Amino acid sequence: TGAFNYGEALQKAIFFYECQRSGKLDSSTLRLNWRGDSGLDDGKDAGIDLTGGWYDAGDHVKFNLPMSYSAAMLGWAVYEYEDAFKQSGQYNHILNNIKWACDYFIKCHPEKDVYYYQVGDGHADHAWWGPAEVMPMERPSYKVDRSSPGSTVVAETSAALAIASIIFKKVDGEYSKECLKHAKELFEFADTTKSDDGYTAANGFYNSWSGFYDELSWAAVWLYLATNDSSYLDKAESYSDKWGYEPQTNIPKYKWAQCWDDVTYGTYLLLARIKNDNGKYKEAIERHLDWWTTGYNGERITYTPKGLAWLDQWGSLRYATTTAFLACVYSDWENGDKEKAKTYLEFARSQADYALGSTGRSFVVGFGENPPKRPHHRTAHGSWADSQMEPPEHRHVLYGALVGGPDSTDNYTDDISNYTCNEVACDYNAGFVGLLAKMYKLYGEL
């Protein structure tokens, strides 16, 4: 074992983030030749430089909620499995990409209680089909402030920067400190406003559904891990009664996944390891991972016949691979339940292998047997004529992109206009990178 080249998949899944770069690029060091300068006027309507960051998906909007969630999850992967990244030769690559997003979040925070959370108008952006470098339409910027706040996106950004402060401590101490300063200020802004009234330009794309208490606790626990100031630990725990319960109960919620909207599940796990007191956070993460694997109290997530744990029709692979990363991290917790860890790790392997080819085909662009070749992605496609069908084949290979995936009976079609199947996105790849790092550690290092 293993059954697939996890090291190659990891390399490619990280490379995907280079394909998403907005802003001024250095063509002399890029690992590809089909991306150029784009979005260079981002921020100019506000009088501020907001260039850089990542385009969200196959479009060119910069949506800071999924963008910061994705940078946090990549950062969490490096925090847990640094050696796996070094041994696979991917350590500088992953840091370079995480810094691309975090440099942008810093630009987006020009004063203590002001945060720009989006560049681009979703409707206008999606109305045109061509490569990033030649976008013809205006790209407005949007901000939240004390009068019109955005606790969800400000706290997820705080969390990404807090994580960045940890993983950059040794390689770039000055940047590490800069990220931490911004992370503390952003957290205070989100925590003292507790409101999303100002977060409006992402309506219909990235609404805050679960609310901001999960993000407040996620950012606080990462700030605790970044500073060792126990006041942040207290702060994270203080919202445990606010994250959410299963309907009609007082049981901490468990029937969903760690995702751009809901970071409750990873928070359970991080707090369980910190407290190590056989208490409620242990119980909560185990309920969650049991439901995804063997079942909890007679209930279990839907599985496809070919073995995919299937949460929803949108980003099915995204949800399964992200949960598989949490399962990896659980499996490495010394004080965890050893029999559950075995079950969780076998689940993580099965979901990685489904994404990489266990059904007979790969769901990762540019990887493995019969991969998707028509991901829904404007720049990789490379239309010169504002049309998804011209040319009929993509001009470029979007290596590493994890696509949406199949329906609940394993049906999938490789078609540029099939959204459930062929969507790609920052958040689709983020947990997947961590899963691949652990699989490479387990199977690819000797």
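One-based numbering along the sequence shown.
- Item | Between the two ranges 278 to 286 and 244 to 252, the one averaging a larger CA B factor in the entry | Result: 244 to 252.
- Could you settle it for me: does 331 to 339 or 202 to 210 have the higher average Cα B factor in the PDB entry? According to the entry, 331 to 339 carries the higher average C-alpha B-factor.
- Deposited CA B-factor, highest of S38, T379, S68, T420: Among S38, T379, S68, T420, the PDB entry lists the largest C-alpha B-factor for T420.
- Taking the Cα B-factors listed in the entry, which of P305, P375, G75, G120 comes out highest? Comparing C-alpha B-factors across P305, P375, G75, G120, the maximum falls on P305.
- With respect to C-alpha B-factor, does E390 fall in the lowest, middle or highest third of the chain as deposited? For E390, the deposited C-alpha B-factor lands in the highest third.
- Query: Taking the C-alpha B-factors as the PDB entry records them, is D414 in the lowest, middle or highest third of its chain?
  - Reply: CA B-factor rank for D414: middle third.
- Query: Hey, what third does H182 fall into on Cα B-factor, ranked over its chain?
  - Reply: Middle third - that is where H182 ends up once the chain's C-alpha B-factors are sorted.
- If you rank the chain by CA B-factor, which third does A46 end up in: lowest, middle or highest? Highest third of the chain for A46's C-alpha B-factor.
- Query: For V154, does the deposited CA B-factor place it in the lowest, middle or highest third of the chain?
  - Reply: Ranked within chain, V154 CA B lands in the middle tercile.
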